[PDB]
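Top line first, the protein sequences correspond to chains l3 and m7.
Sequential numbering of the first sequence, starting at 2, is according to the deposited numbering.
Sequential numbering of the second sequence, starting at 2, is according to the deposited numbering.
Below is one structure, written out as structure tokens; comments come after it.
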Amino acid sequence: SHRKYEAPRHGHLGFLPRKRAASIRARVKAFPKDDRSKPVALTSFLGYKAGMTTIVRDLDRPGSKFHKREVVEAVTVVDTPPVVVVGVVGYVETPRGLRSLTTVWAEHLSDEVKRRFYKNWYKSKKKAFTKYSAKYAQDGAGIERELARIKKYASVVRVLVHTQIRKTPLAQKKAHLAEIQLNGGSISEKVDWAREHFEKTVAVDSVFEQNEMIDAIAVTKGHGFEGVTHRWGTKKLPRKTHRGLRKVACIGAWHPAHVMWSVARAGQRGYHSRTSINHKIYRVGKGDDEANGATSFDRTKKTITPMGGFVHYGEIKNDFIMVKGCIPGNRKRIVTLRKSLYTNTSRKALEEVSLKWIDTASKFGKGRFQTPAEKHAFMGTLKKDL
Amino acid sequence: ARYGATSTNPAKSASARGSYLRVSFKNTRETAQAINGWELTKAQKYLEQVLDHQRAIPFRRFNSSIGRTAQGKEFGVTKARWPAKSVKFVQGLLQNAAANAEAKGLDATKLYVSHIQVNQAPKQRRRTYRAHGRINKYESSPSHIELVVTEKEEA
RNA sequence: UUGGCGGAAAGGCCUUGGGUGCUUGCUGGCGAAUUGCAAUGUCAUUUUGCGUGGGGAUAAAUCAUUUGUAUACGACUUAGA
RNA sequence: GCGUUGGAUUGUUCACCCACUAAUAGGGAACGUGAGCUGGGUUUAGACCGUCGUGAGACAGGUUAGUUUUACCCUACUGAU
RNA sequence: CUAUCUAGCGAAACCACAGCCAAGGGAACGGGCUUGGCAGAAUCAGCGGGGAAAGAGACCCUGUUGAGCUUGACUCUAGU
RNA sequence: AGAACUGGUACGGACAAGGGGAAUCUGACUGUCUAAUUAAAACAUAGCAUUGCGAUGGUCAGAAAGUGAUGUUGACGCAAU
RNA sequence: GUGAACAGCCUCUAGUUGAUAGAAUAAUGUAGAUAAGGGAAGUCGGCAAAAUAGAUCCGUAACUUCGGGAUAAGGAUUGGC
RNA sequence: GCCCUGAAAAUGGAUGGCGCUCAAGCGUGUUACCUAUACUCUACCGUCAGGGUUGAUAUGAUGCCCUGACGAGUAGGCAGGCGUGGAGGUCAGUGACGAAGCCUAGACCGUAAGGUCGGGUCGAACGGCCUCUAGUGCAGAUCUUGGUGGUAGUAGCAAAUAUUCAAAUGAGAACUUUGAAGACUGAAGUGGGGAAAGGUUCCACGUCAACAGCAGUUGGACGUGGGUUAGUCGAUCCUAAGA
RNA sequence: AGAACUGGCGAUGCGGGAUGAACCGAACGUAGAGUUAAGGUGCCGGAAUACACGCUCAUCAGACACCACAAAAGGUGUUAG
RNA sequence: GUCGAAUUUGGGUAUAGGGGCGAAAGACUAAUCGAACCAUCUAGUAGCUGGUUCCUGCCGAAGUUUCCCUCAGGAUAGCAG
RNA sequence: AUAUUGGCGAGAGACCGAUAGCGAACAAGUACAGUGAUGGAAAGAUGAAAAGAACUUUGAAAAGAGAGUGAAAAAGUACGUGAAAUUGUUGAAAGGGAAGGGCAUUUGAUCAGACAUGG
Ligand SMILES: [Mg+2]
């Protein structure tokens, strides 16, 4: 007979079922609208999240109390070493949706990728793409025909790329492989750009740039079987409740004589796919660079890796994307970094950023120094050394 | 003498019983079917690994609320167990069989378990003390086991 | 067998050249019964096993062990010649 | 489509006042919701009053103290093979 | 410490038959009926919506059914 | 009991161990009861008052009795409220 | 031994080491803990919990049956050498 | 007239559903067609009624035969039958060369209650017909007694701080014995004795089928034996409320 | 809630009204063949997407007795008068 | 809560069912108390509730009248065999 | 002459046939319960005869596999027959939220009645 007072329901019904994601590499369910009037380039990038740190920068926001003032912001540093092309895939518009028509692979497929097709790599004969490589022997034909098949039909073209996970601290040898939509001009130019990159390499600076807003697609940190209180933000029952209080009291009215799809129940928290949008890029680091974490303001040779390594991850020896704020996923987890589905003409989105300082103290405790230099300069000499 | 239905050559076949056995009828049942039809040595080698928690016994009938194991995959199943007391008895009977089959000059290597059936012995009854002055039964569900081993046909 | 065309599920379609069986377009020579006055008389294509003779190719997954980006148990993600 | 509140007094539903607020709308779902709680009121047996009765006792009159049991089944729902 | 998973051990409650809904009519709130929605083996941990879940109505009335108690009700009595 | 010195101002170092105050309703107080839902303000109590009785008696017991309680008592007592 | 102490805590003689066990560490529990800022806004109701607590010295209101009230309230001190 | 406004309710839903617009909607008319246990003709079952026929004339006179009509049924009445324990009579009945009983998606008869047969199992009795007789027929009674299921290999076997290494014995050792380590009760004791009570549980040897809600070689278990010594300890004597 | 006459249901299947004690049709031995009732004949579904003259367009049409309702009051919608 | 007394407790002894015992709750009187436990009278009575055991064939109802401490029941007349 | 659900000795039954008949067909007023008075069960059947399974072999044993006894172990001191619930195994079959039933037929399995006409 009508709830006594009114309050909004606990939780978002759009994010159901709260199950564990079908895979640990979160699917990319849309790419940007293809403008065929501009160069061929990747529309998303693979990468491994490494950790977070802090930035200092002047804000450029006219009319704000913090315009022309320093602000400190959290950033996450996702470890993105260059990816490698090994295939193209053509999709044909049907009245039942996009369909993969064919796929052509590269002559040579690396061990990192090859392993992705094996459960038990070590005790296998590694016969992965052996007979398929023979298709390249007949000077063209087999391969050439299918490239032509894509050019003729095929409404959209995707490339198969994969991570060089070896260039990365991770114990995992098996590499992550994914399709990526080619958004540069002409279906023909697409497959050609694709063919001219087989076995070769694409890096993030050819995909993303400073102050670019990018979305982030990842499976959310797992937490196992959750009670109703934390899974749904439900009010706790009073201390005097017999047999428990981390519940909900009324799982339903008498009629319908059924528990309904919409009330809160205990079960899996975490490990959910999430496409989080609109994270402004704050740095496109270079791997060779020894001043990753340096600034035109803070002019010392230091790498983006904090003292002690990124905790539970290790060092950043490759190019990296530094994005504002936080991002779905935990450290070590594969992340797709997709560029935007729309042209945010905002103001927040238009602000060009210059970092003033990048934090690099140990995240493994209350870090007090930025560099080995600084720690020595401050502490003087110790019983060890010299 | 007088086993259950047997459609086997009695002269290529030796057999073994075990009556009023204090093992779980349900559990013994489940492990007996688990080898029902095996080559005797395969059976013996597998019932050993079951004692090792290296393989398992698929629970198919008497089996609800039983936990799940990765070891059931082999038999296209999900709930399975490692019922020692039953593996053990079934082995003693398997071993007696092999014995009698030897005294029959039956070839060891042609032997397979052509028949094996376990059903219920009379209940053995114990009391349990329940709240509020009450008393309930606390019973054993003992077993009869009987198997036969047989010489495989050559074509 | 010569050229093409077909991706909406194209798995089909047009086309070149001869070869071969038939040809009721037309003119001949034979046969049919007794299956007894109807009942029972064209064999269709699925699968699956075996039998041959030719061409062809020469793997993995699971248990166990291992990781902790995962986990109530299964499951998930790693690694091992 | 989306919100519809924080409090003082009362077991209260209702009511009343303070206060904030975009707004503090009205109803249903076995007067939703007790193997979900709580047990303040009503609704056993203790006891104190007033009224009534000769008395035993009585009075939607006041007062105070008064045990809130079971899911392991099926289905539904949450998640998992 | 449990719950959980394993070895051993091993109960009870309850059970017409059973177990997906919506509407209809219906003993005026169906798991079964009618008309529709639909519907795919075998299962694990949880859960408290439903099974008007489980465990000869004490409320109320009826009986030419009681009992405890009271009294210038009927009929008596120990005693005095 | 006093004094000096000493420590990351700590020392009833664990253990052991009263929260306090202003009031209203109510029972004087300690004590008692519904073993297994009521410990209370209910029962008791000291205190106050009343009643009966001088033994051939008061109150009570027994079917009856050469029967019995108070009574190994006597009004500063026994009995009843 | 500590200490006011037959308290709590540790020990000697003596007696036990017996109450199915293994592997994990989800939810929800039962039992034991802690929480920034606010401080009863929670609730029928401060239910539950939290705060006080030994000892020495100082200090101590109304009221009162003069006995109490009273550890009233409120303070300072406490090791070691 | 039809159509529109007036026309607001709580799970998602109902001209029965789909769907239907010169209808598959509303008014009217005309044909054809679909279909009940009803109507018409016929076979058969039964019930009732009317009638013929034992004249010598083989087996049914309560019989054969002819004709007409009729058939719903709770509570309830009557009728004709089916089956059971035992009784008189009779088939000079069946039977160890297999009685009775039981089992049998084998067979035959009856509308049915039921009857008959085959096969298998079994092992000592039993049946048909005419009559007699009743402790004579079950699905129910929260029926009685006994037996068995699903639940279910499930709830559960979590209070009392805590166990570990090795050796011996043994078919078998987390659980027995010895050794070591780690701990506990902490004298208001998990220490040393007694009183009610029990009655051999005491001790030895052997021993594990049941019992000690895991286990067992261990035991307050099982089997076989052994053991309790008084002038001074008690009773006994005394009196107590009382009897 | 209570009477009147009759017919029903109760005690009764069957066809129709989707559904349904009581409405419509029709009451019942076992069957064959024909014909019908009430009700139907786009498809579900057996049977004319039959014939004929009109009416109706509803951003809330309508669609069949009992029966699963609708009113006072309105329209320069369209038809006939 | 109380914890040196209206204290707690052993054994013995007394009181026994319309009786005991009660600092009084209808409490306690061997898990039994607004009348214990045991056996018999006793198969207590029930206008009330529940069950009432084989087949087929025929016929086939009533809930109305009158009287009743009569209204959940009988007698009476009707319907029925 | 009359009474006799006690006692002693007998002769019988259209009685009951082990859930029946006395509570007891048996070491039954027993075992057991209750302070007590009292209450009070369950429980019969190997075979003619133990001839109750020598011996061999696998096992720690219990037993099992052979062998042997017996008319039969389809009688093994769990012992006549050995129903049903419920159960294991084998074999056939079916199974999109119950199963079961009715009329009809397809398919599969099974079972029938036939009987006599010159060589
Ligand atoms: Mg009242």
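For every residue, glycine included, the Cβ atom is placed at its ideal position computed from N, Cα and C.
Here the alpha carbons of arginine 369 (chain l3) and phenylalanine 16 (chain l3) stand approximately 41 angstroms from one another. Ranked by Cα distance from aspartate 112 (chain l3), the options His177 (chain l3), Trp262 (chain l3), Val93 (chain l3), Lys132 (chain l3) are led by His177 (chain l3). Each residue's CA atom was taken as its position, placing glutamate 152 (chain m7) and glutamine 118 (chain m7) some 19 angstroms apart.
At a Cβ-Cβ threshold of 9 angstroms, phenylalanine 209 (chain l3) and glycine 88 (chain l3) do not count as neighbours.
In this structure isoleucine 136 (chain m7) touches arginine 128 (chain m7) by the C-beta definition: roughly 6 angstroms separates them, less than 8 angstroms. In the DSSP secondary-structure assignment, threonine 55 (chain l3) is bridged to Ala75 (chain l3). Judged by DSSP secondary structure, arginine 275 (chain l3) falls within the beta strand (DSSP E) whose first and last residues are 274 to 286.
In the structure shown, the three-state DSSP call for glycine 73 (chain m7) is helix. Counting along the chain, the unbroken beta strand (DSSP E) around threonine 104 (chain l3) starts and ends at 100 to 106. In the DSSP assignment, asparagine 137 (chain m7) falls within the beta strand (DSSP E) that extends over 135 to 141. With respect to the 9 angstroms criterion, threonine 9 (chain m7) and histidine 116 (chain m7) are classified as neighbours on the basis of their beta carbons.
If you draw a 10 Å sphere on the C-beta of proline 40 (chain l3), you find fewer than 16 other C-beta atoms in it, and that means exposed. For the pair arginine 247 (chain l3) and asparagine 331 (chain l3), the Cα-to-Cα distance works out to about 27 angstroms. Counting C-beta atoms within 10 angstroms of its own C-beta, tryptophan 262 (chain l3) has fewer than 16 neighbours from the protein chains shown and is therefore classed as exposed. Within the DSSP bridge table, the entry for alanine 179 (chain l3) names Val162 (chain l3) as partners.
Residue pairing by DSSP places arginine 128 (chain m7) opposite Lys138 (chain m7) in a beta bridge. Note on the segment 166 to 224 of chain l3: whole beta strand (DSSP E) runs with a minimum of 3 residues are 178 to 182, 214 to 220, in chain order. Taken in chain order, the segment 27 to 82 of chain m7 contains no complete beta strand (DSSP E) segment of 3 residues or longer. Within the same chain, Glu31, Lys80 come within 8 angstroms of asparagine 64 (chain m7) by CB-CB distance, once the 5 residues on both sides are set aside.
DSSP lists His145 (chain m7) as the beta-bridge partner residues of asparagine 120 (chain m7). The beta carbons of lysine 168 (chain l3) and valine 85 (chain l3) sit about 11 angstroms from each other, so the pair does not count as a contact at 8 angstroms.
With a cutoff of 9 angstroms on beta-carbon distance, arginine 19 (chain l3) and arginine 270 (chain l3) are scored as near each other. Between the alpha carbons of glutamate 375 (chain l3) and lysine 318 (chain l3) lies a gap of roughly 22 angstroms.
Membership of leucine 94 (chain m7) in any beta strand (DSSP E) is not indicated; the residue belongs instead to the alpha helix (DSSP H) covering 85 to 103.
If you check the CB distance, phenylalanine 321 (chain l3) and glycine 366 (chain l3) do not come in under 9 angstroms. Comparing C-alpha distances from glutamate 147 (chain m7) to each of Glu154 (chain m7), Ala33 (chain m7), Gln55 (chain m7), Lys86 (chain m7) shows the shortest one belongs to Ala33 (chain m7).
Between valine 79 (chain l3) and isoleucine 305 (chain l3), the CB-CB gap reaches or exceeds 9 angstroms. Membership of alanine 378 (chain l3) in the alpha helix (DSSP H) is indicated by the continuous run 373 to 380. Boundaries of the alpha helix (DSSP H) around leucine 148 (chain l3): 143 to 153. Per the DSSP secondary-structure output, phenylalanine 321 (chain l3) pairs in a beta bridge with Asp80 (chain l3), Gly286 (chain l3). For the pair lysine 46 (chain m7) and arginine 82 (chain m7), the Cα-to-Cα distance works out to about 17 angstroms.
Take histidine 280 (chain l3), set aside five residues on each side of it, and the residues of its chain with a beta-carbon closer than 8 angstroms to its own are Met214, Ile215, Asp216, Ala217, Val324, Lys325, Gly326, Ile328, in chain order. For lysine 13 (chain m7) and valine 114 (chain m7), the gap between their C-alpha atoms comes out near 12 angstroms. Beta-carbon to beta-carbon, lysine 174 (chain l3) and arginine 116 (chain l3) are separated by about 6 angstroms, close enough to satisfy the 8 angstroms threshold.
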